[PDB]
Structures are given as structure tokens and as C-alpha cells.
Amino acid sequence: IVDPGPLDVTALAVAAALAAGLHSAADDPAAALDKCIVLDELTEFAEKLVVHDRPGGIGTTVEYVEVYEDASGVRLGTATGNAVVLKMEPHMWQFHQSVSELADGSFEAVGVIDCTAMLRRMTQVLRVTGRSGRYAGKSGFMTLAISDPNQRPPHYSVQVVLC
């Protein structure tokens, strides 16, 4: 029950470019990294959770305000969104929609993540759409993973790559 499988920002850059419509983007990974916005070495933790429980867990909705810290420890901004438990057994799956608000703009994240896989130290991916500032008119992916698995409340390792 321990199986890390991270992505690096270069890999994320190629994913971002391929999906943006730069079909030969794997030819030069460096060139793809260079043309992307990159947020590496982020952690997020919750500052507010509003939980709306349901018997047995399926349909439990969490409104959350998560805080982004950079590698030093500076607050870059918040991720405000909704989690919905789609399923509990044998894996917990949540739907996630979040708007991330930084000083230089905003981007949305949408996805469907296997929370049990994350407890196995695995990485999940959400789809990022730019919404305001330098992120506007760009798109890519966001990685999540449990930062320290013997922490409570849990902290998340986060990368964001758009182009």
C-alpha cells in the first residue's frame, strides 16, 4: 500500500501542448516547457471545509477554500470549489470543480479523482482552463498527491501547467 508515480513539469508541459493542439510537442520537451506557464513545488491545505454529509457517504458534498503555498511557504492564493463523493467502495471517487485565485489571475480545475489511489501515494490529474490574467486563453493539467501521508489535516503536492 505505497506506490508513488509522480509526473514532472516537462511531462505535464508535453500533455498541456498535445491537448492545446501542438501535435508534434513531444519532438522537443524543452521547447514545450518554455512555452507553458508552470507552477511546480506547490502545497495546498484546507483553511475552510463546509461538509454536507449523506448516509453512507455517496453524495456527501464538500465546499472548500484551499490555500496555495509556494516551496518557501508564501501564500500565493486560494482554490475555492466543490467536491462530491460519487462512490466509496472499493475506492472513494470524488468529482472536483475549483476556481484558483492568485494575485496575477485565475484558472478552473475540473476532474474525477480516486481518493483511495491517493492514499496509496499515487498522483491524480485534473483539467485546468485559464480564466483571468496571464492564465486566460491557456489550458493544461494539475497534479494532486498526499504531501505527508502521516499528516492531519492532509497537505497536497500540486503542479499546474498551461499553454
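Residue numbers here begin at 1 and follow the sequence given.
- Comparing 112-120 with 126-134, the higher mean C-alpha B-factor in the PDB entry belongs to 112-120.
- Mean C-alpha B-factor is higher over 70-78 than over the other stretch, the pair under comparison being 89-97 and 70-78.
- For the set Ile37, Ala31, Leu102, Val65, the PDB entry assigns the largest Cα B-factor to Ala31.
- Per-chain ranking of the deposited C-alpha B factor places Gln151 in the highest third.
- In this PDB entry, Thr10 carries a Cα temperature factor that places it within the middle third of its chain's modelled residues.
- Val2 sits in the highest third of its chain by CA B factor, as recorded in the PDB entry.
- In the deposited entry, the Cα temperature factor of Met142 places it in the lowest third of its chain's modelled residues.
- Remark: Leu49 belongs to the middle third of its chain, ranked by C-alpha B-factor as recorded.
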